[PDB]
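Here the structure is laid out as structure tokens; the discussion comes afterwards.
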Amino acid sequence: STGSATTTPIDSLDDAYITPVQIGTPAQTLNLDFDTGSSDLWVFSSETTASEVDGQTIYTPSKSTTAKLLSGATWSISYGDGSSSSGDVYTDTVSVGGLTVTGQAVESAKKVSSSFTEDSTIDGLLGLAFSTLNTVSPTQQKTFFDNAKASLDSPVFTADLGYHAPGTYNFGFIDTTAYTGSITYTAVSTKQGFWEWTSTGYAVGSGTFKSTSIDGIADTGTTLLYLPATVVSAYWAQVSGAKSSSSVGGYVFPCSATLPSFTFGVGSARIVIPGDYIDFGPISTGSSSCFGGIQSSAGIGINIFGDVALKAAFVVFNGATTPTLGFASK
Ligand SMILES: CC1CCN(C(=N)N)CC1
């Protein structure tokens with residue numbers, strides 16, 4: 001089997017991407033944030049505290065003939081920005097882009113933090129990291145990809161995120177029309193439950209490439225590119241007026257700037273992130289200070305190749321017995 005679904009930025013800055021997902025019988029379509037950095041499929045629901053729902057589409061298990069309470073199971077998750085959600089669990093039929101999994105754990109939110117409430121465009125998350133990170137207790141649950149894998153033509157999914165445009169998530173096949181040149185594959189460590197790999201270095205603009213190992217994760221659920229302070233300082237030093245602002249919480253730059261590109265290494269290959277991809281616009285409406293798309297990972301404990309990086313590539317998440325990651329230009 002295979003599946004193919006379009007993923008769409010939630011706003012003009014590509015702050016996140018949503019993908020329609022069918023849950024239950026008859027289908028209830030919710031727009032979920034596919035997140036290769038977590039492993040819970042959770043949704044706004046009829047059980048979500050009413051004051052914490054503001055425009056989201058909800059899953060109502062009582063209206064699904066295939067929903068079953070997973071008795072006793074609860075979940076609770078916190079994300080990197082301090083946001084969180086928790087609730088109980090149903091199993092139900094879940095389809096993405098024509099690919100169907102029966103008996104998928106659908107984590108129904110009883111509580112969500114303010115950031116989630118305040119974003120009416122995201123109806124939940126669909127985690128695509130390794131199932132060892134799944135938070136369901138007392139019986140840990142599998143991701144949609146883990147459940148689908150045996151039925152897939154090939155045990156892979158691909159992320160093809162657009163810059164200020166829609167893109168595609170494919171399951172079970174590699175679309176050889178979706179990228180240019182060849183795909184370079186690189187080793188993955190699953191020790192922390194992430195798609196963790198080691199980049200071979202970087203360049204800033206037309207500068208010389210610096211060979212240096214940068215361990216990090218391929219994370220569709222993070223907006224920006226978070227790298228070591230040394231690397232990030234070298235980037236922003238090439239932009240007149242750029243500075244790290246503690247009041248804003250990162251590097252900002254004059255909105256009048258033309259940003260340089262940023263290149264990262266994948267083996268002997270190179271992925272170039274155009275300068276424009278690194279512009280996240282005014283820090284507040286009407287400001288002439290703009291927020292940078294490359295930020296230090298110093299306060300995080302891991303480097304994160306988030307959407308800024310991933311949307312410059314066609315990315316293969318290979319869930320074979322020995323997992324790997326593939327990157328191609330496009
Ligand atoms: C919408 C959610 C995506 C995952 N998160 C994160 N990387 N910190 C939390 C917000």
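Read the numbers this way: they start at 1 and go in the same order the structure lists the ligands and their atoms. For the single chain, residues carry numbers from 1 onward in sequence order. All values below were derived from every heavy atom in this structure, side-chain atoms included, with hydrogens, water molecules and symmetry-related copies excluded.
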Tell me whether the rings of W195 and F157 are parallel (<30°), tilted (30 to 60°) or perpendicular (>60°). perpendicular

Aromatic ring pairing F116/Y79, orientation class (parallel under 30°, perpendicular over 60°, tilted between): perpendicular

My understanding is that only residues two or more places apart in sequence, or in another chain, count here; which of them pass side chain to side chain contact (heavy atoms under 4.5 Å, CB included) with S78?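 Counting only residues at least two positions away or on another chain, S78 forms a side chain to side chain contact (heavy atoms under 4.5 Å, CB included) with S84.
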
4.0 Å heavy-atom contact, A16 with ligand 1: no

Could you tell me which atoms of ligand 1, counted from 1 in the order shown, lie closer than 4.0 angstrom to a heavy atom of [X]?
| X | value |
| --- | --- |
| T222 | 7 (N) |
| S83 | 9 (C), 10 (C) |
| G80 | 8 (N) |

Would the number of heavy atoms belonging to other residues, nucleotides or ligands and lying under 6.0 Å from NZ of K210 be above 12? no

Starting from [atom], locate the nearest protein heavy atom and write down its residue, its atom name and how far away it is, to 0.1 Å.
| atom | answer |
| --- | --- |
| atom 5 (N) of ligand 1 | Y79 CB, 3.6 Å |
| atom 1 (C) of ligand 1 | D33 OD2, 3.4 Å |
| atom 7 (N) of ligand 1 | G221 O, 3.1 Å |

Just by distance, no angles: are the side chains of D54 and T117 close enough, under 3.5 Å, to form a donor-acceptor pair? no

Just heavy atoms, cut-off under 4.0 Å: does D81 contact ligand 1 by side chain, backbone, both, or neither?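 It is both backbone and side chain that touch ligand 1.
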
Using the ring pair (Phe, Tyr, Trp, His ring centres under 6.0 Å) criterion, which residues pair with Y169? Sequence neighbours excluded.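 Once residues adjacent in sequence are excluded, the partners of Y169 under the ring pair (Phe, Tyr, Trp, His ring centres under 6.0 Å) criterion are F34.
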
